[PDB]
């Protein structure tokens, strides 16, 4: 069976100055609603949300960071505004901390359900997102790094060296996730992201292909950066075919986490890409051949309400065992994307024998 967690309480996090800010509360209600419409919801086993504990947060975050974000809970508006503006792209309301605890806790429960064999796989319709969050700071709509925390939680209830793969197909680089695991050979981080030579958020050259990890983590950080063109299904299918999947098989994860942002989607106001729902279905389907089907799909970004609802529903459909929808005829990829994939191929060929 396929697990699903959703809690409307996570809608409580909101922007009291700009109510039309793209990271909307209804991002999660709309995705959930689409699951009802497509009658996918009843096919799933509902997994309860819970609060992450401060101890669980400490798995990836410093006492300082946890403490300050926690304090925002009892802050007055003007102090909330001040505190948020101290970060890169953050808004805060009195409910933000709790919502971020719920987001992470929901994912812990889902990973637990997967690892105990209660479900085979699962989707987590959560917010605020997580993958920009660093050990010591909030960033890009994220407070705590949900997927990173779920990885450590997973290892904490199995064995410390449980091989976790994190595929991050949110259109932005997960800077927080890369950094948290940069010296780690037990968590393989693979991100596809619009890069534009560092001009695309989060504007750091950390996201380039030559950042392959440090220390015993060398080779266990894979950045696939897109430059120039409007990337869509063919570019992503080719990157999975040439890079993501063979690296994944060689790594042989025991658990796959998808930092599944849907802002690379056709229609997204931010991403500028054109991955279709069918595309996301095929990416999901391929990831399902890993870790004996143990896949947790975690909502990150994505800001066209219609696009993210259709896209994530299609993923859940794949996790339920539906056959992949047919892709549009795959155009020869944009020459820029070929150059990107070759750069990664050359950068990780020394660490992965499947790449040569």
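Numbering follows the first chain given and starts at 1.
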Handout entry: Unresolved residue 46 in a third or more of other entries flanked by modelled residues
Key = no
Problem - Other entries lacking residue 330, at least a third - result: yes
Exercise for the section: Going by the average Cα B-factor in the PDB entry, point out whether 323-331 or 39-47 comes out higher. Expected result: 323-331
Handout entry: Given 139-147 and 153-161, the range whose Cα B-factors average higher in the PDB entry
Key = 153-161
Exercise for the section: Tell me which of 233, 185, 263, 168 tops the list for C-alpha B factor in the record. Expected result: 185
Handout entry: Highest-ranked of 179, 216, 285, 131 once sorted by CA temperature factor in the record
Key = 216
Practice task
Looking at the entry's B-factor column for C-alpha atoms only, identify whether residue 174 ranks in the lowest, middle or highest third of its chain.
Solution key: lowest
Practice task
Taking the values exactly as deposited, rank residue 289 by C-alpha B-factor within its chain and report the matching third: lowest, middle or highest.
Solution key: middle
Completion exercise
So, residue 209's CA B-factor, relative to its chain, sits in which third? The highest
Handout entry: Modelled-residue ranking by C-alpha temperature factor, third containing residue 189
Key = lowest
Fill in the blank from the handout: Split the chain's modelled residues into thirds by Cα B-factor; residue 106 lands in the lowest
